[PDB]
Every structure is written in structure tokens, then in C-alpha cells.
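Heads up: the structure comes next, in C-alpha cells.
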Amino acid sequence: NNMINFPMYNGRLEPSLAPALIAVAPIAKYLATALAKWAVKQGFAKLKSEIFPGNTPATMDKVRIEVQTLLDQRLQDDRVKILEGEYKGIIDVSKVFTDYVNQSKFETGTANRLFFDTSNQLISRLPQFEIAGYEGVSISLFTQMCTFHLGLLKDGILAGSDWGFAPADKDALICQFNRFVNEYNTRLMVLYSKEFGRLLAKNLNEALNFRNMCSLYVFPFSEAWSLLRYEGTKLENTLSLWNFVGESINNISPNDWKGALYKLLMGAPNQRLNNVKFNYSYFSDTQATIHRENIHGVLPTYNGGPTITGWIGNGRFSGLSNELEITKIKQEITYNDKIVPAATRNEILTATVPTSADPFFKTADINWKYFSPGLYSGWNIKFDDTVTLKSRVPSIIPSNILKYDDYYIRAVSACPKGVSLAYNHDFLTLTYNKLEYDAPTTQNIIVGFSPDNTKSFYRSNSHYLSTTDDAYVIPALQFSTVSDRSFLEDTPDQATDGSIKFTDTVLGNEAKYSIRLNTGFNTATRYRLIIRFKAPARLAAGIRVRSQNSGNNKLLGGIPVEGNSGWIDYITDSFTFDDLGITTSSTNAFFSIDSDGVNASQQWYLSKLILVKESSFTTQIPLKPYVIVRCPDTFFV
Amino acid sequence: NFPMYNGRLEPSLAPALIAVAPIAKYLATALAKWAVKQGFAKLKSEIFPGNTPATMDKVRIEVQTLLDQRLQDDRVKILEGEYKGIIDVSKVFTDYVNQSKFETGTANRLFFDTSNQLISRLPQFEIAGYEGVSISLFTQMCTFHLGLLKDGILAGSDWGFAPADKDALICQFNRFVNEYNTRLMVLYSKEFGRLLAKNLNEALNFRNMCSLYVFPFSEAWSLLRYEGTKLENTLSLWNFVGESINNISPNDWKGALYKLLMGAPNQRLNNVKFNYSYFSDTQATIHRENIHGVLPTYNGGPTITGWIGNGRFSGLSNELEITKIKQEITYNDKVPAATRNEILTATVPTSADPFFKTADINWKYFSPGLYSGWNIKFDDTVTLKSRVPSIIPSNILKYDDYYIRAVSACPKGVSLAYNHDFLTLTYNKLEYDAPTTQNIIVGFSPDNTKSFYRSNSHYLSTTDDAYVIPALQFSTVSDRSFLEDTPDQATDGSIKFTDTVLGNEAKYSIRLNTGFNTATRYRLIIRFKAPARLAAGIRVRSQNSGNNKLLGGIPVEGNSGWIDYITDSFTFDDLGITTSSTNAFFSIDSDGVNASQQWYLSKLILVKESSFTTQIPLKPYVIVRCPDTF
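These protein sequence lines are chains A and B, in that order. Reading the first sequence from the start, the letters are residues 12 to 331, 336 to 353, 360 to 658 in the authors' numbering. Reading the second sequence from the start, the letters are residues 16 to 331, 336 to 353, 361 to 656 in the authors' numbering.
Structure (C-alpha cells):
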């Protein structure tokens, strides 16, 4: 890698495939239309023509090679043969079923029989796509197969007696859909946890590369599964992608990732970057043979609070007034003729985001290069077309472009080097405590790319609603204010940059979300709010959803919380923005979520709010059967 | 050498025994329930007992002993003449209207003789060059006149006032209740500002005198128009120990120093740290100790505290936190021989009464200047016994019926004019970096504040007719909020709200003591100052476990004075608040404000509907406006 003189793209010799042109993008685009309006008895067939176009495994082959290329991991030749057999089997049985139900006349009893052939084919074959020791590659294949099965079950339930389903048989399908949509999520996160955890210990750069793959090929579909029981929601992905430059880092635990590092990468989650600072040192010897540059710290400053950001690493000058803040010190030293430094430079470098209608960095050219045997080693730092640092190493350091089409640079951070990440987890919060981590150095820079769909919030700090939108998603991290003793929780299966964990035991727990109405908004249209939250223990006073507008506060819903280990979707009663007194000129309007103080066992999570029009939204698959009193067992009959 | 009491050889008079104490006690009674046509006469018996200036003489000598200031012999004789004139004319009036039968027209003329006597003699107590002593005497003569005016208004035709004459007295009351406040603050500001430039310890000693002899009565003026409120003083007393500080400006006091003294204004002290240095030369003749920093840590947020001064070790791993370092150095006879740098910690005991009561803190410079050291002791726990060979005398810091709420210092060697905009109640670290302090400041809060600072909650008793919530005794507060020194409110200060975008709010936690009658009708008095108009006004709410009620929407048209807003009646049943409620709040919120709209919150007063009345209105009854001149 050090002998090769190639322009590089995120540490690779070739530019990566744009996120919008990946093999699974047409499947995600179809699911977005299906989740907004489900085509009854056609939903599964149209999904099948995207997963298995022309009754071929061609798309699942294109997914495998794209993923193998990105991970630089490969399945065994014989395992590929096996998966070909399993695809052929699923295609054979599913073509028979869809050929039958697309005749103008068919027998409902036969359609019922061929449906279950397809369903039990997927139940028995699925474990072939949970491939032990190759979870990184197989998680993207397993994702699509679970998606295929869940789309089949949904279409069968809405089909009813048209495909020979009696009321009691329609109830048995609802019982399986509700069971599988949780079990598949569990079995998905089993694969992700193993591989992410294994790579956190091996190489942080490789771990971020795997999480980036899952952000595009996996987590958009787990979110689609959680929305599949509905019609008239919006499929949205706000996961960020992370690129790593610098010396290797390893031996990170998942607890290290969740407790510290991920909070350190996210900085102020509800704000765009303002400027990032680098603690730079340069060193040259008397003989002009040694030229070494080091980055000892990164200090990202975001557009506002309530999060407080400090040094990751340190901002100290070593090797040289404490109450004075030194930004730069040069030193030239001459010695008696008969490794000692001749020139040293210590500087705080600043990269400032431009103030314009588009206050974001798009691309970056950051690289670190070690020239054997170790005399030269230096850094280039460049955002967009602005050079922050050109290496004072005499030889030229190759370009290392960081970019993703339809993404922009939201965060710049680093991983502390030379210290354990197991400390201060309880005091790395969204407010009050300084989000920092002291280390002797970093010798790495991490860049966070957020998708262009988030540009409107991070530019304005408000959620602008258009009357032409059937649905809008408010991710929990895009808040205006949040209560103390609140944490950022990594919940990637939600296809967001995370959830808010509330832990305050005394005063109470609340997050506010600024909303605006775009001009021409119809304040008479009836809306609903979906609140997704996990609360594993009973709250006596439950969780309150409110609108606040310039002293006019409405209670939109009191959520009864009896305690559940899973994610819950509370749907409010219908309302209009006329009910709330909000207009296209309101400027202090918020949605708010609040609970009382919570003990250790009562600490709960807020994922997102979904605003839907009443006229287009329906629960198509219920949490409980209609007729039968209990779901059957998976036990003996 | 001799033991000292707050830097003096003789102990100071206990706060409960000062000459104005009986006057304050009567005003507390009369503010709960006014005696119609007797209020002025009973107040006269407290200010001029037995028709003598004996109490006003006692006040003068007490305050003179406290400030080490004295009126000239000639000015003393003049005041005796003034007191005689006021007493004689006040006694004639009170004797005549206490007869079985009197003529209303004659009572009317004797009233104006008394009222116009005070108006023409009052400026004799705004003594130029002696405002320090004269402020306490001016305070009582203003109290005397406002008492007479209120009784004139309630007597009406009984003392010969036609409805139009009654309105003119209401016009005079409303003018003078503000004008006397302004003329008081002019005296206070001149003397406080003069002493800040001279000597900070001497300046805090003046504010302490005003917190007992002056500011309780300015608060009493603001409650005199009502009946059924509570008169309360929550001002802290401040004691200074260390090297002299001078050339402080009043702007530095409000903008920085006072905020540093108050620390977390809604919390009790948990621990305080001291940055200590000890130096001893080769000859064992020089022993010097210095205090370079004070770091007070309070019970909780939302305030974040930092070093006042610094926590650095001078004269010696920037990643590791060193708490102590000793050095013994031997040179070649042919400079330091022993040095100690240490972070000392005084920790408040964790008990049913988690407060220091007293302190013994002293700094002594032994001329020629070889010895100089510190003693630091809270209660019976010694934090530092000076390593100077000679014993440093005792310096007892205590106030009967007060306890230690805050420990802080004044930054030495730096200008106090910086970062005023970023010294906030929240978000920003409440610190001020300086090379040293060489002083320690102790804040004593009165025992009436113990309940709140112990529990972080306002417990309400069913047997009490009124309860005062000082603004600084909050649970949570919005960002871009400031502590505002407002000693005329008889509290340790107000909240200033300056957030431009998100909003300004403050919550106060309330609990109900067992046996609380939840069916009793109550009202809330909200004292605020909003100089400019607010389109969405100021909202007052109750919050309880999700149940949130609006208690009042205040219209803010804009006014430069302190405005009291009185909410509509309500029961705790209406709010769903019980004796088992633990999440009950009173809340005050407004929208974002620009620079002109920035407003202040002084206090909330909870009053029973049955015993509360506005006896003196803010506008006349019959005449449309207060009389113009030309």
C-alpha cells in the first residue's frame, strides 16, 4: 500500500459506488411507494420483481459482489453454489404462486395451498442466509430474504378470502407477521452485533466501513419492517456515514462504542458544524533528514447548544504562561558543531465552515502518510477547496478524497489514542457535562457524512412542514431542547443517527422539536402523530405529547406506559394546526414529549415522531387478532 | 493577640436584637391584617415610642458603631429638632382622632399639618456626604409617612376626605411609594459605590447593614397597598477575610463579582476547595502561606462552578491531576528550602442538617513581613492550621439565626470587567481566572431559607396565610438567564431573562405538608419588571405529573417599574395536587425577547383568597386621572 502512488478515495484505489446507485436502491424506492399506498394482492408480486427480476438471482448476485467489494470479504466458492440452489428454490415456488393468482379465474383453495408452499419454503430456507463466520457479507442477503417473506405475509392478510383465507386463517397470518417482524429484527441485530463488535476489536476503520455498508444495504429495510403494518407513513434514512484517516486503532468494545466513542463522533447531534480545530505539531532535526507531523487533538465546535464540546485528545503544546492561550509557537535551534530538534512548530489549525445559503462542507481531502523507514511522516488537511494544512514533509502526500454523492459533511471528530474508552460513560450526556475525552494524542481524523434530506433541519434548526407531504419524520436527535441526564443511544435499526435515553430521577424528562409551516399550508387538514418509544417498565403518570405555541399549550396525548421490552408506536387522536393555533407565521411553535422522573429500571428511549395526514393513514395489520382469543403456539398440535 | 469577631475586637449586636427589629415585627403584623385608622398610630408607637426619639437615637448609634461613621454634633442637634417637630404634630393629630367625638373638618386640617411636615422635613435625612448613616433614618421617616397616607385613604370621610380628596391621597401614595424607593436607592448606590472603590470588606459591611436596617422596609413599602401578604427578608450577609481589595466599580459588582459570590443560587454548599501554597526559606526565618483559588461545589445544577482564581501549582504531567506536592531542598552554603502546594477540601457533613453554622478563618501579616499565613476552620473541623510558627488569632464568623450557604472569593490581580455576558445561571462555567485571590468570602443565609436549601422544594403549610417564593430558589431555568442583584426586594436577587429565540422560563418545586386543605382558595402574586411590550405576554402555569393548568396570561404593555400581577382564585384540587404529589411545579414562561424586551422576575407570593385584599388601588376611583399642575 505504501509503494503504490495512486490518488485514493477513502483509502481505496477506486472511487466507491454512489449510495443512490447501489443494487438495493430500487427495492428501497419501491418499499417507499408501497408503505405510502399498498397495492392489495399486488404488493408481494411487485416486491418479487425487484428482489428477483425476471425470475433470476441477478439482483442478489449484484448485491453480493457490491458488498464483498466494499467489505473486502468473500464467501467461499461452495457457499455461493449453495445460495444459488436456495434462490432457485424460492424463485421456483414463488413464480408458481404468483402465476396462479394472476389468472382472471382461479380456485381460492389452490391459491391458499400455493401461498403456504411459498411461506414455509422461506421459513425453512432463511437459516442458509445466517452464515456463521461470514456475517458481514450474509447480513445484506438475509435482509432481502426476510423482506421477501414479510411482504408475502402482508399481501396474504389483506387478500383474505380472495386467496382462500377464512377469518381464523387470516388471524393465524397476523400472529406470524407480528412474531416474525420482531424475530427477524432480533436475528438481523445478532449478525450486525457479532461483525461490528469483531471489527471494533480488529480495526476501527474496518468497523466504520461495515457500519456504513449496513446503513445503505440493511438498516433502511429494518425500518421498512417496523412501518410495514401501516399505510401512509414515510420510509426515511438519516444514518450518517463515517470515514477514518490516520494510524490504526483497535481493541474497542461495543460498550466503548456506545458509552463514549459514538457520542464523541456525533458531537452536538441537533446542530451543524461551525468550525473544527486541530492540535498540530511539526518536528525537524539538525541534519534535515527527519520531518514528522502529528495531530494530538480535534475540537469540533457546532452551531449551537445545548451540547458542550471539548478536546478529543488534547490542545496542549508538549516539548516546550498557562493563563495565556497560545495558538502558535515556532522554534529554530542551532547547536554546537561538536535526535535533537532544529525546527519545531506547534499550532492550533482551524477549518471554518463558510457562511452562505449552504453552510456545509461537501468533500474533504485528508491523508496521513508514513514513508519507510520512518524519517518522513505527515498530514494533508483540506475541506472542499480550502487548504487547512499542506504537509511540511518534503515528498508529496497523495490525495485521499472523502465524498458521498447526495451527502454533506455534518461532523468532524476523532478517536482518543493511548487511553481506555471505558471511563465517564455516565457523564457523557447531551447537556450540562462537557463532551470531551482527554488523551495524549489521536493521530486520526474522523469525518461524518449526513444525507442531503437532513440539510433543511441543520440549516434552519426547524422542521419545515409542506402541505403537499402525506408524511414527515422527526428523528429524536433533531431536537431544540432536551432535559438534563439524557444520553445519545445508538439505535441503527431505526435508520437514524440514534435515540434519546431519559434517566433524570427527580425533575422530569422532556424533548422539544421546533416546527414551522411553509407558506400556503392547509391548517384545516386533519393530522396524527406517531410516537415511537421503548419503555421497559411501568410509568405511573405515563408519557405526555404536547403542542406549545407562544403560550398556547395543548395536550395531544397521554400515553399509558405499562412496560414492554420492544419499540411501541402510540398514535394520537386526529387534530388540525387550527386546533393548535399554529399558522404560517408562528415562530415559537414546538412539539414536546415529557415524562416524570424515572428510576434505573424506568429509563426509556425516544426514537422518532411521524406526522401523518388522517385521510391517508391506516393500521392494516393489528397487534392482536380480530376473531380468535389467542394466537396459536409454535408447539405441538 | 486578641480573638476577633468578623475582623473586630468587639462582637457585633445579634441581628434579632437591632433597634429596628420591633418596627419590622409590627409591619409584618400590619401587612397580614391592617388596623383601620389605627395602623399609623401603632406604627408611631414603634418609631417614636412614648413620643420620644429614643428608638431613632438607638438606630443612629448602632449604625454608627457598625459603619465606623459619625454624624457631626451640629447635624445631630438638627435631627433632634426635626424629630421633635414630627412627634409634636403627629401626637396632636393622633390624640384628636382617638377622641369619642371629633369634628371631621379639624381632623382633616391636622392630617395635612402632619403629612406636609414630613414632606418638607424628609430631605433633612438625605444628608449629603453622610448617606451611610442617614439611609437608616430616612428609611423610617418614609415608612412613617406611607403609614399615615394609607390610614388617610381608608378613613375617607371619617377624617374629612371627600371622594376627590381621597383620590389625591391615592395619587400621592402611588407617587411616593416609588419616589421613596428611588431616593432610597440613590443613598444606597452612592455609599455602596463609594466603598467598593475604597475597600470591598468595608463595602460588604455597608450592604450587610442595609440588609437588616433598610431593605426589609423597602419591601414593606411594596406590600403596604395590600392586606394578607407576608413580609420576609432572604438577603444573605457576606464576610470577607484576606488582603484588601479596592477600585471595584458598581458595574463589576453586578456584572461579575456578585454572581461569583452567589455560586449556584438554588443549591446548598456540598464542599469547597482551596488552592494552598506554603514557602519556607533556607534560614527558617520566612514562612508564607497564600490562597490562590476557591472552588465551591454545590449540591446540584443547573449552575456549573469553577475556580475563582486558579487551581494551578506555580514554582514547580499536565494529563494527571496533582492534589499535593512537598519539596525539601538543600543547597551549598557557600531561595526556597521547603515548599508545599496542596488542594485543601472542606466537606459539609451529610446529616439531617447539612450546613456549616460558623467559621474561623483568618489571615495575619506579621511585620516586618517574614510570617504571613491562614487558618481555615468550619464548625469544629480544622481544614488548615497555619504552618507559621506563631499562633494566628481566632476570627469567628457567625450570625445568630443564620447559616453558611456559600463560600467564594474575589479574583485578585485581574480586571473584573470581562465576560459579564457569559457569566450566566446555566450553560457557561461560573468561574473567573486570576493569578490569586488571597481572600475568602462567606455568605450567611437566614435560617428561614434552610427548609428550601435542605429539600430543593417549597413545602406549603395549611396554617400559613401567605408564602413567598424568592425567584432564585428555582428548580430549573432557561439558558441566557442572569442573576440580577435587587436588594430592595429583600431577596438575594432576581432572574433576568435574555433568550432571543427558544424562550424564557423558570420552574419552582412545591410540596404540600400532610393535613393540607386542598379545597382552600388561593391566589398567586407575580412580581416582575418588563420594560418593553411582549406580544405573547407572560404565562403562569401549574404542572403536576402531566396535568398542566394555565393560572394566568399576563398582558405586558411595558412599564419601567416593578409590577405585581394577581391571578384568579384557584384550589389545589383544581390543579390535581395532593400531599403525595412529588412532581408539582409553578412555572413562568415567555417567548424569545430582544435587548429592549429583557425582563426580570423578583418573586411569587402565594396568598389565601379569604385574607387577601388590594386596599390601595393603582388608579383613582372618581377622578379620571391624577391631578396635573398647569
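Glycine residues also receive a C-beta, built at the ideal position from the N, C-alpha and C atoms.
Can you tell me the Cα-Cα spacing of residue i and residue j, whole angstroms?
i: B:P461; j: B:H307; result: 7 Å
i: A:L81; j: A:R303; result: 32 Å
i: B:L498; j: B:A279; result: 9 Å
i: residue 672 of chain B; j: B:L275; result: No answer is possible for residue 672 of chain B: the residues shown for chain B start at 16 and end at 656.
i: A:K52; j: A:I142; result: 32 Å
i: A:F188; j: A:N131; result: 13 Å
i: A:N620; j: A:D525; result: 8 Å
i: B:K57; j: B:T44; result: 11 Å
i: A:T384; j: A:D427; result: 11 Å
i: A:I422; j: A:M19; result: 6 Å
i: B:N465; j: A:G519; result: 48 Å
i: A:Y313; j: B:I319; result: 20 Å
i: B:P68; j: B:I101; result: 10 Å
i: A:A31; j: A:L250; result: 14 Å
i: A:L239; j: A:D590; result: 12 Å
i: B:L133; j: B:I150; result: 16 Å
i: B:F294; j: B:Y397; result: 10 Å
i: B:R413; j: B:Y273; result: 32 Å
i: B:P362; j: B:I348; result: 7 Å
i: B:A364; j: B:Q298; result: 11 Å
i: B:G175; j: B:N123; result: 5 Å
i: B:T409; j: B:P37; result: 40 Å
Would residue i and residue j be called neighbours here (beta carbons separated by less than 7 Å)?
i: A:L577; j: A:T593; result: yes
i: A:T488; j: A:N543; result: yes
i: B:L46; j: B:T197; result: no
i: A:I260; j: A:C157; result: no
i: B:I33; j: B:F159; result: no
i: A:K629; j: A:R553; result: yes
i: A:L42; j: A:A235; result: yes
i: B:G162; j: B:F55; result: yes
i: A:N281; j: A:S292; result: no
i: B:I521; j: B:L449; result: no
i: B:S568; j: B:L601; result: yes
i: B:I402; j: B:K288; result: no
i: A:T546; j: A:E242; result: no
i: B:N290; j: B:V468; result: no
Which whole-angstrom value is the C-beta distance of residue i and residue j, which I expect to be below 8 Å?
i: B:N530; j: B:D447; result: No, B:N530 and B:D447 are not in contact; Cβ-Cβ is about 16 Å, not under 8 Å.
i: A:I418; j: A:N388; result: 5 Å
i: A:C186; j: A:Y203; result: At roughly 27 Å, the Cβ-Cβ gap does not stay under 8 Å, so A:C186 and A:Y203 are not in contact.
i: A:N223; j: A:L252; result: 5 Å
i: B:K345; j: B:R366; result: 5 Å
i: B:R283; j: B:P375; result: Incorrect: roughly 12 Å between the Cβ atoms, too far for contact.
i: B:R549; j: B:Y485; result: With a Cβ gap of about 19 Å, B:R549 and B:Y485 do not count as contacting.
i: A:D473; j: A:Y444; result: Not quite, the Cβ-Cβ distance comes to about 36 Å (not below 8 Å), so this is no contact.
i: A:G587; j: A:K555; result: 7 Å
Going by DSSP, which residues form a beta bridge with residue i?
i: A:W625; result: A:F523
i: B:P496; result: B:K629
i: B:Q569; result: B:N574 and B:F611
Tell me, please, whether the stretch 200-214 of chain A touches the stretch 598-616 of chain A by the rule of three or more beta-carbon pairs shorter than 8 Å. no
Tell me, please, whether the stretch 85-102 of chain A touches the stretch 111-124 of chain A by the rule of three or more beta-carbon pairs shorter than 8 Å. no
For the stretch 246-264 of chain A against the stretch 337-351 of chain A, do three or more pairs of beta-carbon atoms, one drawn from each stretch, fall closer than 8 Å, so that the two count as touching? no
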